[PDB]
Structures are given as structure tokens and as C-alpha cells.
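**Student:** first piece of the complex, coordinates kept as in the full assembly:
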Amino acid sequence: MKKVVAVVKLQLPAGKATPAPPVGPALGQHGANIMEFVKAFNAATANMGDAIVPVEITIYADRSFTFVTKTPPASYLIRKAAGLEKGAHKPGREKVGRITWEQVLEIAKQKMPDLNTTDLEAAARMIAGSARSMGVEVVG
Amino acid sequence: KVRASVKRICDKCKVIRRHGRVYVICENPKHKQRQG
Amino acid sequence: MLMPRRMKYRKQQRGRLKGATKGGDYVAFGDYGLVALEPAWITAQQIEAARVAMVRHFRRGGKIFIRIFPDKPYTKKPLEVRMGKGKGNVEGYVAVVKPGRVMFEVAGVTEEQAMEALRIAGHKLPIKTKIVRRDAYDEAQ
Amino acid sequence: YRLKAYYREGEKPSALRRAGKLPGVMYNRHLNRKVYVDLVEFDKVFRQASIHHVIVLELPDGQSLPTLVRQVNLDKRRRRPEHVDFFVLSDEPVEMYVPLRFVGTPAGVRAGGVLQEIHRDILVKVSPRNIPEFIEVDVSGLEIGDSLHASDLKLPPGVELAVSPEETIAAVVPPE
């Protein structure tokens, strides 16, 4: 969310990356290197962890780019936080699993550098809501 | 096109009334309605 | 569809329709309702064909109240048969309806979906209808 | 609220409405009189008023009488009023219907269900000094198949029930 010029955001997992399905054409269509990225990516994925890093890549004529990495979707940190494979299909009523007023706060700390709300109650909120977003009631 | 109940189909369509006849004009010709 | 499962007599006289409902002028069930303006016999086929028109419109939503019931046997003589020789046989069933009768009424839905799920049903009826929302008459003090 | 009432000696009810005067009548153990409150005013008033709250009759001769509408009569077709007649208030065990604000948004959510507000209010013994505006029924522990009703409300000081009670004051039912 800065400048724009044929950009193409997209999420990616651990070291695993290159299959055309997830990425592949994902950036090769806008003329680019699946080479200068398949590894260039696993240069920072292998370092931080092995989850799901939302990396939005911009593109120029020199099949160049600026793959900016961010914190995994607030939807991931919330899952494993209660041990849930999928989401829940139909939220708002069935709480497959649940999280506590604190477990939510933890994550909030992990994504506060991405948001735009220093406060830890403000952030935790747009997370406690992410629960009603996948059927995972908040403990409190 | 031509019919008994001529109504609106867009946010872009005027209920023009020319010649005693209630027409309907929109950007896309598919919405050109008249009454008869 | 929707007919009684009894009645003491299989066929009954045509009767007459002198305006003003005998009752059911006020809405005593749901939020918004549908009221008849002109007298007429509504058919079983029509009532149903509007009850679904209703739901289908707002699929998996509120509750619909049907307040008219076709308990009048409607008859008709076969085709190409001449006058006389006994009364025709039952065709289907109708419900008498005079001006002012709140036929239908929906509950637990937005006025957005009310004054629409009704506007549609209205087109399925042989008469003119008007929409209303709970007001003057209520059962209290 | 207040509303300008007047007196009817015996002038054609038809001619009354024709002018705009919806007729009515205040009665009770004592006074029994013909009146003719304006219609538009009355509507505008009784509109949000209902038989739920009291009215003050500002007659043509000082007297400012209390009032608790007893029944508005309709025209059937053209559901409009013909005879709005209000009960004159004393301070006796005046029976009346107290509203019923539920609030709580019970079960029946993703599942759907509907708030069958059966009986949007209820009758009870009280005194004019006590006009118990509303009553409570949160219901959010009651799902679909279930339903509260009888003795399930809270009777504040000066408000007793006139039932049994079994009147299923509300319930929840399935969608479509």
C-alpha cells in the first residue's frame, strides 16, 4: 500500500515455492523470473520461519520486482492458536475451537507492525472479530 | 425493448416520455425500452 | 395445493360476495402483511403459488403467515357436456376474500425484504392488494 | 400526551367525519360523554401513543381529563379509525397492557429462527401514578424448540399479573 505500477500481491508458505499453481504464472505473466524469486524468496522464508508470508511483489519492465514481506494473515495465527485445520464453513454460531482474551493479544503483538494502530486493545479487537470470521469464539 | 411494463434496469437509465409514449434510455442499448 | 380433510358436504352453493370482510382486517401476527382491496375467490393454486413466490424470494429467512383458507369446494361441468343432469363435480378449492382482509403477513425480516416478498406475491393474485405494517389496532391497553 | 377534545350533543357522526372529526367517548363508573377529537391530531398522537400510554383531554371548558384508550374501531377496508373511545382515568386498580421490549437477540442465529413476539405486551393491575413504560424479556437462553411465557417477566412494585399464567408471551421458530 505505497506506490503502484503493475504490482501483484500474493501469499506463500515455508520454503516450499515454485509450483505454477500458487505462484508460477502468478508473476511470470507480468514478465518475470520464477528463478530470481523461487530462491530469492527462500532466502528470507528459511530465516524467519516456515508458515505463510504475505509477499506482495511489484513489477517493472526489467522483469524486476520488490517482494515486500509481511506477517502471516491474521487468519493463520488464530487457527493454530486453537488447533484448527480449516476455517469453519459457516461462522457466527459454531465455534469449532476457541481462543482467550490473551491468546488474541499475543498475536496482536505479532501483527501490530503491519496494522496502523499502536494500541494493543485496538489491534486485539480487529482480531477478536477475526474469530466471528471463522467460527472460533473468544474466551472472556 | 417493447412492452406493457417499461421499468428501469440500471442506475443509468432515464424514464424519458416523448410523444405520449413512455420510452426508457440507458447507456447500453440492451435497456432501450418503449411502451406498446 | 391446500384443501380441507373433511367437511360434511362434498359440494356447496356458490353464495355471494357482499363487500367488507367479516374479520381479519388487522394484522395480528407478523410485522408486515398483505391486504385485499377487491372481493374474489382465491384458489388453492394461487395461495400456494404465492406462498412459495414469497419464500423463494427471501430463501431461508423469516416466517410467513397465511391467513385465508380455501374450504369452499369449487365445481365445474366437464367440457362439451350440456346444461342440467346434476351439479358439476369438484375442480379444486377456493377461499372467499372480501375487501380489507389481511390475507398474508411476513415476520422476522427487513422492511426491505417485506415490501418486496409481498409485491411479488401480489402479482400472483387475481385481485388488487396493498401492503401494511403493524399500527393502530393492537391487542392491548 | 395531550389532545384537544370536544363535545357532541347529537350531531350526525357521518357529518362529523366528513369534516375531519373522528368521534369517540370517555366513560367510567362516573362520567360518560360524547366527544369528537380531531382525527389527524389524534392519529399523529395515538400513532406513537397507543393504548399503552395515558392521554390528557384538553376540553373546550378547562377540565383536563386523564385518558387510557379502550378500543379504536376500524373501517375494515381502508384500515382507518371510526370510533376512538378512551377510558377516563381514576387511581383505582386500572387493568392495562404493559409493552414488552425483549432485547438480547436469543439463540436462533446462523440456525436462523424467528422471534415470534407472540403477545407484544400484557395486561395487569396497577394505579395511574404507576405507568410502567415497559418490561423485560431478554431471552437469549431460549432457543428454537423452547419458549418462555407465563411467569417469566419481572413485576416491579405496583404491577401484578392478570393471567394464570401460561400465555406463551413469545417463542422462536424455524426459517424457510
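**Tutor:** Received the coordinates, thanks. Numbers count the residues shown, from 1 in each chain, chains lettered A, B, ... in the order given.
**Student:** only C-alpha atoms from now on, for both contacts and neighbour counts.
**Tutor:** OK.
**Student:** enumerate the residues of chain A near chain D.
**Tutor:** Contacts of chain A with chain D, taken as C-alpha under 8 Å from any C-alpha of the partner chain, map to A:90, A:91, A:92, A:93.
**Student:** quick check: the residue of chain A nearest chain D.
**Tutor:** For chain A and chain D, the shortest gap (C-alpha to the nearest C-alpha) falls at residue A:93, measuring 5.6 Å.
**Student:** OK, contacts around the residue nearest to that residue when sequence neighbours are not counted?
**Tutor:** The shortest distance from residue A:93 to any residue other than its chain neighbours is 5.6 Å, reached at residue D:110 (C-alpha to C-alpha, 6 or more residues apart in numbering or on different chains). By C-alpha atoms under 8 Å, 6 or more residues apart in numbering or on different chains, the contact list for residue D:110 reads A:90, A:91, A:92, A:93.
**Student:** neighbour count and distance to residue C:122 for the residues of chain A next to chain D - can I get that in JSON lines?
**Tutor:** What follows is the residues of chain A next to chain D, written out as JSON lines (neighbours: other C-alpha atoms under 10 Å in any protein chain shown; distance: C-alpha to C-alpha, whole Å):
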{"residue": "A:90", "neighbour count": "14", "distance to residue C:122": "34"}
{"residue": "A:91", "neighbour count": "17", "distance to residue C:122": "36"}
{"residue": "A:92", "neighbour count": "16", "distance to residue C:122": "34"}
{"residue": "A:93", "neighbour count": "17", "distance to residue C:122": "35"}
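**Student:** extend the structure above with chain E:
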Amino acid sequence: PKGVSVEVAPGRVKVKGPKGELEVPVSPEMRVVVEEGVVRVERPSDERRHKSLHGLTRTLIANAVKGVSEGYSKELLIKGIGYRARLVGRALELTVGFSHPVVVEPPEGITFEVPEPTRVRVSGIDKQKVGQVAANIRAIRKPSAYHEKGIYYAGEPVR
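**Tutor:** Alright, chain E goes in next:
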């Protein structure tokens, strides 16, 4: 409003300026003369028919004013391959598609313009008389076939 004479006959209000005189068959209703250093326009009770007339006259004469303040404008394109009509004197000359070539015509009171064969606008002193010649030439060739050439205005092309 500038070098303009606001005549005021029955409905006639012809105006003269740097280029020419322009009569404006106005509806003999409510009446309004050169009155003051500018022009006014009044009307009777708020009657739909009067509501319209007032205004219909109002903006009609103001177009008449600019009748000599120059109201030329009205420019056209041509796009496409062999599409690019040029000029042939104070007269135009179109050439696009048709197996057999086709001219135009002398519109007494209007001048043409071909500042490039791929551009043509019209010099107008009137108005509805110019907007007419527009469509008129505009319609010599219809734009599209799902897409491509044809004559245009200044608007936008369809897909």
C-alpha cells in the same frame, strides 16, 4: 453584454456582433427588451408551461449572444485506415470506405475546416445549425463493427 444589439420585435430579437445578425423566434410571452446594459427575462405565475418557456428563451438568447462572440467549435475525427477527409475550399469533402467517393454541401452561414485530413471541425455563427451539420457529417459514416474506424466527435469509442 458586449457589442450586441438586442432587437425586440414581436418574437424577433435579432442580435448583431463582430460576425453577423441572429434573429431568435422567441415566444411572444412575458416580453423582455434590451432593457438595461444587459438582458432580463421575466414570467407570470409558476405555470409549468411558463416555467419551461422562461429558460427555453433565457439560454436560447444567451447562445444568440455568443452568436458573434464566436460559437464555431464542433470538431470531428475520422480514425481508421483510408479514412481522413480533407478540405476543398470553403467546402468539405469526405472520403471513407464507400467504393464510390462522396462530397458534402454548402451550408449557407457555416464554414468548414480541415487542419489535417484526420481532423475536421466546423465554423459556426448560429448553433443548432452547427450542431446539425455535425451529426450530418458525423452520420456519413457510423463508428464501430464491434470496433475500429468511422467518423467521430470528441466523445469516446465503444468496445
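**Student:** residues in chain B within reach of chain C, list them.
**Tutor:** Contact residues (C-alpha under 8 Å from any C-alpha) of chain B with chain C: there are none.
**Student:** quickly find the element holding the residue in chain B positioned nearest to chain D.
**Tutor:** Chain D sits closest to residue B:5 of chain B, with a gap of 27.2 Å, by C-alpha to the nearest C-alpha. Residue B:5 is located outside every helix and strand, with elements delineated by DSSP states H and E.
**Student:** leaving out chain neighbours, which residue sits closest to it?
**Tutor:** Nearest non-adjacent residue to residue B:5, counting by C-alpha to C-alpha, 6+ apart: residue B:35, 7.2 Å away.
**Student:** the one you found reaches residue B:2, doesn't it?
**Tutor:** Yes: between residue B:35 and residue B:2 there is a contact under C-alpha atoms under 8 Å: 5.5 Å.
**Student:** contacts only, for residue A:111.
**Tutor:** Counting by C-alpha under 8 Å, 6+ apart, residue A:111 makes contact with A:71, A:74.
**Student:** where's it relative to residue A:122, distance?
**Tutor:** Counting by C-alpha to C-alpha, to the nearest Å, the gap from residue A:111 to residue A:122 is 12 Å.
**Student:** kindly incorporate the sequence below as RNA strand F:
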RNA sequence: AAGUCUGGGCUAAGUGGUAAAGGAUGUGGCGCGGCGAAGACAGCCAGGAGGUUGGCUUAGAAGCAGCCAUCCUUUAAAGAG
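**Tutor:** Alright, RNA strand F goes in next:
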């Protein structure tokens, strides 16, 4: 044969001079509400964001096929459109 009689209205279709559901910014008269000089309607310039591509399913479903929810964020304001 006898008023181109007299006041006050409505109608612009030859309606009048024979039709319905249903359509429509056709006109006229009473009304009800809603915003408005703590500056409204249209307008023209500005923004129209973020968690997040909400969860499911799908090749894909990123507000924007369908299904569920519809909480919360930083704001002058931004619907999980």
C-alpha cells in the same frame, strides 16, 4: 324548439365519444414526513483506507458465482461492499 346565459373549478387526450392486470419525473388540489444558511438537492474538486485475498467450496471465488458471518481497525468518511 329553447341560454353560444352566469360564477367557481378540473381536463389537452378529441379524453369526452365505452375495456383489464400492469406500467409512467402527465397535470391539479389537500396531506404526512426528511433534510436546510451549526449551510442542505443536484453539482464540480478530494478522499473513498486497514486486519483481509473475512471463513468454506472451487482451476480460480481477492467487496463483487453460491454458502456463512457481518465483528473490529485508523478516521472528515470507507459496506467484510
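**Student:** find the closest residue to chain A in chain E.
**Tutor:** residue E:159 (23.4 Å).
**Student:** list the contacts for that residue?
**Tutor:** Going by C-alpha under 8 Å, 6+ apart, residue E:159 touches E:146, E:147.
**Student:** grab the nearest non-local neighbour of the residue minimising distance to the centre of chain D.
**Tutor:** When C-alpha atoms, centre = their mean is applied to chain D, the residue found nearest the centroid is residue D:51 (2.3 Å). Nearest residue to residue D:51, sequence neighbours excluded (C-alpha to C-alpha, 6+ apart): residue C:141, at 4.4 Å.
**Student:** does that neighbour belong to a helix, a strand or coil?
**Tutor:** Under DSSP: H, G, I helix; E, B strand; the rest coil, the three-state class of residue C:141 is coil.
**Student:** that one reaches residue D:67, doesn't it?
**Tutor:** No: judged on C-alpha under 8 Å, residue C:141 makes no contact with residue D:67 at a distance of 11.0 Å.
**Student:** look up phi and psi at residue C:92.
**Tutor:** Main-chain torsions, residue C:92, degrees, to the nearest 10: phi -160, psi -140.
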